[PDB]
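Have a look at the structure below before the remarks.
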Amino acid sequence: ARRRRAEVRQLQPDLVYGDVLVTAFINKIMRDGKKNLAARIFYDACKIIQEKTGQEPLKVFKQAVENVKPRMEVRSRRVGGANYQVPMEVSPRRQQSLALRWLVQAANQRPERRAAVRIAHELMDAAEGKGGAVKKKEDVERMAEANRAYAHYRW
Amino acid sequence: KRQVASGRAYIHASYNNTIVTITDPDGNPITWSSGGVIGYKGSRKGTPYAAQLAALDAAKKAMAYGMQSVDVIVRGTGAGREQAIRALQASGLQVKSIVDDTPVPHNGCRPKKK
Amino acid sequence: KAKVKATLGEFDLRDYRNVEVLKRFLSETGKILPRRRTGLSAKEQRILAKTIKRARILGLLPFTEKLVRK
RNA sequence: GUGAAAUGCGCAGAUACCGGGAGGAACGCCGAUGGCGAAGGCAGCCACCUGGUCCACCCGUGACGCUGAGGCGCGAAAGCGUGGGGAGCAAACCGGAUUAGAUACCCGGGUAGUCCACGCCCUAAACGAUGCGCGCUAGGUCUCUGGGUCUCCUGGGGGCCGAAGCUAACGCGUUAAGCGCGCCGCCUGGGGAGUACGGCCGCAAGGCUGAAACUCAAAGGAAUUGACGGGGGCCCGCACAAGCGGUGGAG
RNA sequence: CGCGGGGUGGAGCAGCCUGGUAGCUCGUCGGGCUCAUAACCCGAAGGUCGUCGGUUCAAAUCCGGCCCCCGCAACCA
Ligand SMILES: [Mg+2]
Ligand SMILES: [Mg+2]
Ligand SMILES: [Mg+2]
Ligand SMILES: [Mg+2]
Ligand SMILES: [Mg+2]
Ligand SMILES: [Mg+2]
Ligand SMILES: [Mg+2]
Ligand SMILES: [Mg+2]
Ligand SMILES: [Mg+2]
Ligand SMILES: [Mg+2]
Ligand SMILES: [Mg+2]
Ligand SMILES: [Mg+2]
Ligand SMILES: [Mg+2]
Ligand SMILES: [Mg+2]
Ligand SMILES: [Mg+2]
Ligand SMILES: [Mg+2]
Ligand SMILES: [Mg+2]
Ligand SMILES: [Mg+2]
Ligand SMILES: [Mg+2]
Ligand SMILES: [Mg+2]
Ligand SMILES: [Mg+2]
Ligand SMILES: [Mg+2]
Ligand SMILES: [Mg+2]
Ligand SMILES: [Mg+2]
Ligand SMILES: [Mg+2]
Ligand SMILES: [Mg+2]
Ligand SMILES: [Mg+2]
Ligand SMILES: [Mg+2]
Ligand SMILES: [Mg+2]
Ligand SMILES: [Mg+2]
Ligand SMILES: [Mg+2]
Ligand SMILES: [Mg+2]
Ligand SMILES: [Mg+2]
Ligand SMILES: [Mg+2]
Ligand SMILES: [Mg+2]
Ligand SMILES: [Mg+2]
Ligand SMILES: [Mg+2]
Ligand SMILES: [Mg+2]
Ligand SMILES: [Mg+2]
Ligand SMILES: [Mg+2]
Ligand SMILES: [Mg+2]
Ligand SMILES: [Mg+2]
Ligand SMILES: [Mg+2]
Ligand SMILES: [Mg+2]
Ligand SMILES: [Mg+2]
Ligand SMILES: [Mg+2]
Ligand SMILES: [Mg+2]
Ligand SMILES: [Mg+2]
Ligand SMILES: [Mg+2]
Ligand SMILES: [Mg+2]
Ligand SMILES: [Mg+2]
Ligand SMILES: [Mg+2]
Ligand SMILES: [Mg+2]
Ligand SMILES: [Mg+2]
Ligand SMILES: [Mg+2]
Ligand SMILES: [Mg+2]
Ligand SMILES: [Mg+2]
Ligand SMILES: [Mg+2]
Ligand SMILES: [Mg+2]
Ligand SMILES: [Mg+2]
Ligand SMILES: [Mg+2]
Ligand SMILES: [Mg+2]
Ligand SMILES: [Mg+2]
Ligand SMILES: [Mg+2]
Ligand SMILES: [Mg+2]
Ligand SMILES: [Mg+2]
Ligand SMILES: [Mg+2]
Ligand SMILES: [Mg+2]
Ligand SMILES: [Mg+2]
Ligand SMILES: [Mg+2]
Ligand SMILES: [Mg+2]
Ligand SMILES: [Mg+2]
Ligand SMILES: [Mg+2]
Ligand SMILES: [Mg+2]
Ligand SMILES: [Mg+2]
Ligand SMILES: [Mg+2]
Ligand SMILES: [Mg+2]
Ligand SMILES: [Mg+2]
Ligand SMILES: [Mg+2]
Ligand SMILES: [Mg+2]
Ligand SMILES: [Mg+2]
Ligand SMILES: [Mg+2]
Ligand SMILES: [Mg+2]
Ligand SMILES: [Mg+2]
Ligand SMILES: [Mg+2]
Ligand SMILES: [Mg+2]
Ligand SMILES: [Mg+2]
Ligand SMILES: [Mg+2]
Ligand SMILES: [Mg+2]
Ligand SMILES: [Mg+2]
Ligand SMILES: [Mg+2]
Ligand SMILES: [Mg+2]
Ligand SMILES: [Mg+2]
Ligand SMILES: [Mg+2]
Ligand SMILES: [Mg+2]
Ligand SMILES: [Mg+2]
Ligand SMILES: [Mg+2]
Ligand SMILES: [Mg+2]
Ligand SMILES: [Mg+2]
Ligand SMILES: [Mg+2]
Ligand SMILES: [Mg+2]
Ligand SMILES: [Mg+2]
Ligand SMILES: [Mg+2]
Ligand SMILES: [Mg+2]
Ligand SMILES: [Mg+2]
Ligand SMILES: [Mg+2]
Ligand SMILES: [Mg+2]
Ligand SMILES: [Mg+2]
Ligand SMILES: [Mg+2]
Ligand SMILES: [Mg+2]
Ligand SMILES: [Mg+2]
Ligand SMILES: [Mg+2]
Ligand SMILES: [Mg+2]
Ligand SMILES: [Mg+2]
Ligand SMILES: [Mg+2]
Ligand SMILES: [Mg+2]
Ligand SMILES: [Mg+2]
Ligand SMILES: [Mg+2]
Ligand SMILES: [Mg+2]
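Protein chains in written order, with our numbering: chain L, 1 to 155; chain Z, 1001 to 1114; chain F, 2001 to 2070.
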């Protein structure tokens, strides 16, 4: 990215909810270009969301993903010869991409057999503010403050 | 010494730490704090954030003795001088007047190897 | 801004006692003010410096004023 | 305290703050592209003693001038002798760290010394690396300091730019490395060597004078081009970063 | 022989005071940063707080006996 700045790739909305967020989230589930399988596993969980709670999977997804949005992180700025781990803002772009990634990463971490059953639970506990995906969030935020001293390097 | 509303705070800005001593308007200290008192060790005691917490903490302690008004006095140059000050007035403590009293010889003692 | 020379009227600058005159030259902190802002020339700037020092010794003038409010 | 630390210091009360006191050393701002001195060098303030220098008046002597082997005096720092002084700093020294080692660079300690008196020492990148004196050869600008009714004129210094000219070039150029004369000092390939011997000096450390054998076919100055840098500036590549998937493991 | 105060996580230790807190340090594991190495940071697993009884709503904390260690002082025909 030494030249321009790179265009944040655009994305066709959901073939269902019409949500771009869901479109992206699917890609994270997607294994080896098999997009079909990914969507399937997602929607299967989507309905499972209601099967458990009288709530629709819509806001369950937003509520969840919004609780896994890390407010601030630690970037290692190697200035002054040494590599200081400075705490600073998370670009709105990152908060999303990271959340979704952690979401699915923590989801795969779950033990249960079927994959869609993991995306469901992880999604629920996430909106509930309790999931293991949230645990990575609570960490990165604390890891940021455990070094608030060097924050005077915030570029 | 024990109970007075007016007083004075002393900033001391080293390059490896920052301390602050709040005293009565005579000179005698009431309490104090520093980067180390705050929790940090070594370089981080020099950090401006530490200095921020020092003044804050030193303020809270003085608050209890009934301190409300203080003329600030600063000596040093360390990355935290103004941050201690900024953290002081922002501590709801009355900053009557900031002053600079950093000592400097009219050429006398030979410095270190530096 | 304002040259210190013109800022004042006619005056003797070997007088180490008219503190009111001298005091005007002596910076915000008692530092003998730079020639490049006292409006003084070479020879006069010198005689001034010497008389100030004299005054400070008599106690009339300061050696150092603390920098107030910063 | 540092890159981060450690040694170190601190509840036997340190650091930070206030008051009283002791002692040594060095002089902030003015301060500079500044000033003085033959050089080494000389910086708070006061008084005394003293050297050099510059300007005006056109007054006095009447060539009394220049240089100057040897001699004599001066001569930063370190170092030495006797006595005194000792805050800070600090070779040596001890510890901590770093590292393969670290007899160092960094840190915590620390002695002689650095300060004064008297007396030695006499060297230096004691450098403008440019001996002193005199006369002559465009100017522009900057500044320090004298004299004169004074958008200036006229002496004495301190920088820069540059005529002619010089120079191997770099560069110098009325503050010459230009054009000339007087006088002194010095050089004659690199290494051996500022060594050896002899002499003279020194308390000592050491200083002054100062070779040869042998050996080398170069040592050397300035400038050109490029390459290189744990140099800088601008700019770029799946170079790092961000992200996805892998070999290194198993067959 | 009597007197004094100690046992708490893998190691050292605060908490005992005066009842409602088991903490810190390094160590071990994962993660973050790293040329490397520590430093730093995040998280984590791990203690009937010696033993048996006792007062108490509740103690490792106050009580009694005892086990073991450390120390104090004395004696030794
Ligand atoms: Mg760019
Ligand atoms: Mg590095
Ligand atoms: Mg994005
Ligand atoms: Mg540190
Ligand atoms: Mg530091
Ligand atoms: Mg030192
Ligand atoms: Mg000034
Ligand atoms: Mg360490
Ligand atoms: Mg120490
Ligand atoms: Mg105590
Ligand atoms: Mg005092
Ligand atoms: Mg004192
Ligand atoms: Mg006293
Ligand atoms: Mg003394
Ligand atoms: Mg004194
Ligand atoms: Mg004395
Ligand atoms: Mg002196
Ligand atoms: Mg100066
Ligand atoms: Mg200037
Ligand atoms: Mg000079
Ligand atoms: Mg001198
Ligand atoms: Mg002298
Ligand atoms: Mg005399
Ligand atoms: Mg004189
Ligand atoms: Mg004279
Ligand atoms: Mg005549
Ligand atoms: Mg005549
Ligand atoms: Mg006359
Ligand atoms: Mg005659
Ligand atoms: Mg005549
Ligand atoms: Mg002559
Ligand atoms: Mg003669
Ligand atoms: Mg001769
Ligand atoms: Mg001679
Ligand atoms: Mg003599
Ligand atoms: Mg000297
Ligand atoms: Mg000496
Ligand atoms: Mg010496
Ligand atoms: Mg002797
Ligand atoms: Mg002596
Ligand atoms: Mg004395
Ligand atoms: Mg002595
Ligand atoms: Mg001393
Ligand atoms: Mg020292
Ligand atoms: Mg020793
Ligand atoms: Mg040791
Ligand atoms: Mg050593
Ligand atoms: Mg090495
Ligand atoms: Mg060895
Ligand atoms: Mg040694
Ligand atoms: Mg000593
Ligand atoms: Mg010796
Ligand atoms: Mg002296
Ligand atoms: Mg004396
Ligand atoms: Mg004396
Ligand atoms: Mg002698
Ligand atoms: Mg000498
Ligand atoms: Mg010589
Ligand atoms: Mg020189
Ligand atoms: Mg010459
Ligand atoms: Mg000459
Ligand atoms: Mg002219
Ligand atoms: Mg001009
Ligand atoms: Mg003039
Ligand atoms: Mg006239
Ligand atoms: Mg001169
Ligand atoms: Mg000069
Ligand atoms: Mg000129
Ligand atoms: Mg020419
Ligand atoms: Mg030429
Ligand atoms: Mg020139
Ligand atoms: Mg001319
Ligand atoms: Mg001329
Ligand atoms: Mg000229
Ligand atoms: Mg010639
Ligand atoms: Mg030969
Ligand atoms: Mg030779
Ligand atoms: Mg030869
Ligand atoms: Mg010689
Ligand atoms: Mg010799
Ligand atoms: Mg020699
Ligand atoms: Mg001989
Ligand atoms: Mg000899
Ligand atoms: Mg001789
Ligand atoms: Mg002799
Ligand atoms: Mg001699
Ligand atoms: Mg003799
Ligand atoms: Mg002797
Ligand atoms: Mg001796
Ligand atoms: Mg000899
Ligand atoms: Mg010969
Ligand atoms: Mg020869
Ligand atoms: Mg050849
Ligand atoms: Mg060359
Ligand atoms: Mg050329
Ligand atoms: Mg090259
Ligand atoms: Mg630069
Ligand atoms: Mg660039
Ligand atoms: Mg990468
Ligand atoms: Mg593999
Ligand atoms: Mg393979
Ligand atoms: Mg292979
Ligand atoms: Mg391999
Ligand atoms: Mg008995
Ligand atoms: Mg017995
Ligand atoms: Mg017994
Ligand atoms: Mg006892
Ligand atoms: Mg409990
Ligand atoms: Mg902790
Ligand atoms: Mg273990
Ligand atoms: Mg290690
Ligand atoms: Mg730590
Ligand atoms: Mg239990
Ligand atoms: Mg229990
Ligand atoms: Mg039990
Ligand atoms: Mg014992
Ligand atoms: Mg006892
Ligand atoms: Mg007995
Ligand atoms: Mg016995």
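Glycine included, C-beta positions come from ideal geometry on N, C-alpha and C.
Where the beta strand (DSSP E) through residue i begins and ends
{"i": "residue 88 of chain L", "result": "84-89"}
{"i": "residue 1010 of chain Z", "result": "1006-1013"}
{"i": "residue 1105 of chain Z", "result": "Neither: residue 1105 of chain Z is in no beta strand (DSSP E) and is coded neither H nor E."}
{"i": "residue 1098 of chain Z", "result": "No beta strand (DSSP E) contains residue 1098 of chain Z, which DSSP labels as neither H nor E."}
{"i": "residue 1023 of chain Z", "result": "1018-1023"}
Any non-hydrogen atom of ligand 4 within 7 Å of residue i CB
{"i": "residue 1044 of chain Z", "result": "yes"}
Of the residues the options, the one placed nearest residue i, counting alpha carbons only
{"i": "residue 1049 of chain Z", "options": "Z/1025, Z/1076 and Z/1018", "result": "Z/1018"}
{"i": "residue 212 of chain L", "options": "L/58, L/84, L/73 and L/121", "result": "Limits of chain L in this structure are 1 at one end and 155 at the other, which puts residue 212 of chain L out of reach."}
{"i": "residue 1056 of chain Z", "options": "Z/1020, Z/1110, Z/1001 and Z/1103", "result": "Z/1020"}
{"i": "residue 1005 of chain Z", "options": "Z/1013, Z/1090, Z/1069 and Z/1052", "result": "Z/1069"}
{"i": "residue 54 of chain L", "options": "L/124, L/148 and L/149", "result": "L/124"}
{"i": "residue 2001 of chain F", "options": "F/2016, F/2030 and F/2039", "result": "F/2039"}
{"i": "residue 1087 of chain Z", "options": "Z/1072, Z/1029, Z/1027 and Z/1101", "result": "Z/1072"}
{"i": "residue 1093 of chain Z", "options": "Z/1082, Z/1100, Z/1106 and Z/1061", "result": "Z/1061"}
{"i": "residue 152 of chain L", "options": "L/132, L/28 and L/77", "result": "L/77"}
{"i": "residue 97 of chain L", "options": "L/127, L/1 and L/21", "result": "L/21"}
{"i": "residue 10 of chain L", "options": "L/19, L/2, L/3 and L/4", "result": "L/19"}
{"i": "residue 148 of chain L", "options": "Z/1053, Z/1028, Z/1085 and Z/1107", "result": "Z/1053"}
{"i": "residue 2058 of chain F", "options": "F/2035, F/2025, F/2019 and F/2033", "result": "F/2019"}
{"i": "residue 16 of chain L", "options": "L/1, L/7, L/142 and L/43", "result": "L/43"}
{"i": "residue 1039 of chain Z", "options": "L/154, L/131 and L/146", "result": "L/146"}
{"i": "residue 1044 of chain Z", "options": "Z/1095, Z/1079 and Z/1091", "result": "Z/1079"}
{"i": "residue 127 of chain L", "options": "L/47, L/8 and L/59", "result": "L/59"}
Nearest-angstrom Cβ-Cβ length linking residue i and residue j, presumed shorter than 8 Å
{"i": "residue 1015 of chain Z", "j": "residue 1046 of chain Z", "result": "6 Å"}
{"i": "residue 70 of chain L", "j": "residue 109 of chain L", "result": "Incorrect: roughly 18 Å between the Cβ atoms, too far for contact."}
{"i": "residue 1099 of chain Z", "j": "residue 2031 of chain F", "result": "In fact, because the Cβ distance is near 17 Å, the residues do not count as touching under 8 Å."}
{"i": "residue 2015 of chain F", "j": "residue 2064 of chain F", "result": "Actually they do not touch by this definition, with Cβ atoms about 23 Å apart."}
Ligand 5 heavy atom lying under 7 Å from the CB of residue i
{"i": "residue 1015 of chain Z", "result": "yes"}
Start and end residues, alpha helix (DSSP H) containing residue i
{"i": "residue 1032 of chain Z", "result": "Unbroken run through residue 1032 of chain Z is the beta strand (DSSP E), 1029-1034; no alpha helix (DSSP H)."}
{"i": "residue 163 of chain L", "result": "Because residue 163 of chain L is not part of the residues shown, which for chain L are 1 to 155, the question remains open."}
{"i": "residue 141 of chain L", "result": "132-145"}
{"i": "residue 2057 of chain F", "result": "2042-2058"}
{"i": "residue 97 of chain L", "result": "92-109"}
{"i": "residue 124 of chain L", "result": "115-127"}
{"i": "residue 1057 of chain Z", "result": "1048-1064"}
Check: residue i C-beta below 7 Å from any heavy atom of ligand 2
{"i": "residue 81 of chain L", "result": "yes"}
Check: If we count Cβ pairs, one from each stretch, closer than 8 Å, do we get three or more for the region 2003-2013 of chain F versus the region 1025-1037 of chain Z?
Finding: no
Note to self: For the structure I just gave you, are there three or more beta carbon pairs, one from the region 81-98 of chain L and one from the region 117-132 of chain L, closer than 8 Å?
What the structure shows: no
Margin query: For the pair the region 31-45 of chain L and the region 61-69 of chain L, tell me if three or more CB-CB distances fall below 8 Å.
Written below: no
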